[PDB]
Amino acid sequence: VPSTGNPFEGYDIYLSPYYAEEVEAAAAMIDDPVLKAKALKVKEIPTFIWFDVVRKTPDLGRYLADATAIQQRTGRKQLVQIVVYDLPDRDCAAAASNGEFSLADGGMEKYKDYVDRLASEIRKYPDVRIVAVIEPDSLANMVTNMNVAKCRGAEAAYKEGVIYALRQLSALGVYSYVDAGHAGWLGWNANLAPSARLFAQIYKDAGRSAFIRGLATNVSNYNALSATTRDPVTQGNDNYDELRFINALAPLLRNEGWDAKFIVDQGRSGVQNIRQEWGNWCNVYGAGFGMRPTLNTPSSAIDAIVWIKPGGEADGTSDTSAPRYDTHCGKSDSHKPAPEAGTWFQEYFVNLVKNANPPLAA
């Protein structure tokens, strides 16, 4: 059964051991003592843990067991942050996708099985709280990318999969935030109303559980939360940062029947004005770690600022010959050479540390 208020309030946020391992290994490669110590600070900053392949589902059991042990030893309630990211025909508007499930090869049923595997892990550990981001780069495509044949082909599956995930996770008391793009995607004035209609419909069809807490924005992106001067890349869009986007969208959601709350990724938002084109997302060069996760947010509608994408993990390879190569990863403002998506990108992590804003302390 749901509890009232902000679901993050009063919880210690479980620190990803996956990311801590990566950061420890990264700092070991850094020669300057001060920079090494700053890098090590990063493992103390909570991130979301991604379930982007079904092989990772048993790792959820391990993290929940670990959070349970910490809670038992210390008496401090733990909250585990996860990402559900494995829809069939994933990333339908992208030049390439790493998603393992295809609609043509039983992808819808395989997706339901993936959700069931996550649910079976969660069922083992009921004493810890979970916040889940549901399916980055999915339903936002239905708002703006229906010109893409793969997106029209994926619409039914995206809606079905997201609704199945929300119903399954809400049954287990997980607090979900559905991915809702970012200011440069859904924040354009023309996209606000169809976004509000679509997300309110998903909330309805998922059964209006209060565990469906709201929407997640800026996932794996680089937008400011609130910029004093707009990024030149945002020209033409009045809603040029995430707070502007959310302030424009939230009232329309409410009119459409859902008083949604929000979380906002700021993990790679420390440096603004680093893009040639707003749609450039892959390993954007010179990004810095951004605002630290906090419940001190600029609006009652925003539950938390979070780090969803774990900075340092690559967005995609720059090898043009690689099977899953995405042309976005070869843009002039992308950091190259870059390794496979999700794998450690040392040079990129070093720049995230150097460029952190606010700066990292040793």
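Sequential numbering from 1, following the sequence displayed.
Asker: Using only the Cα atoms and their B-factors as the entry lists them, report which of 143-151 and 70-78 averages higher.
Answerer: Looking at the record's C-alpha B-factors, the answer is 70-78.
Asker: For the C-alpha atoms alone, is the average B factor greater in 310-318 or in 22-30, going by the entry?
Answerer: Comparing 22-30 with 310-318, the higher average CA B-factor belongs to 22-30.
Asker: Checking the entry, which one of 183, 206, 200, 128 has the top C-alpha B factor?
Answerer: Result of the comparison over 183, 206, 200, 128: 128.
Asker: By the CA temperature factor listed in this entry, which of these ranks top: 332, 57, 47, 294?
Answerer: Of the candidates given, the C-alpha B-factor peaks at 332.
Asker: Using the B-factors in the PDB entry, rank residue 160's C-alpha atom against the chain and give the third, lowest, middle or highest.
Answerer: It belongs to the lowest third of the chain when residues are ordered by C-alpha B-factor.
Asker: Classify residue 124 as lowest, middle or highest third according to the C-alpha B-factor given in the PDB entry, relative to its own chain.
Answerer: According to the entry, residue 124 has a C-alpha B-factor in the chain's highest third.
Asker: Divide the modelled residues of the chain into thirds by Cα B-factor and specify which third, lowest, middle or highest, holds residue 172.
Answerer: Answer is middle: the recorded C-alpha B-factor places it there.
Asker: For residue 256, does the deposited CA B-factor place it in the lowest, middle or highest third of the chain?
Answerer: Answer is middle: the recorded C-alpha B-factor places it there.
Asker: Ordered by C-alpha B-factor within the chain, which third holds residue 187? Give me lowest, middle or highest, please.
Answerer: For residue 187, the deposited C-alpha B-factor lands in the middle third.
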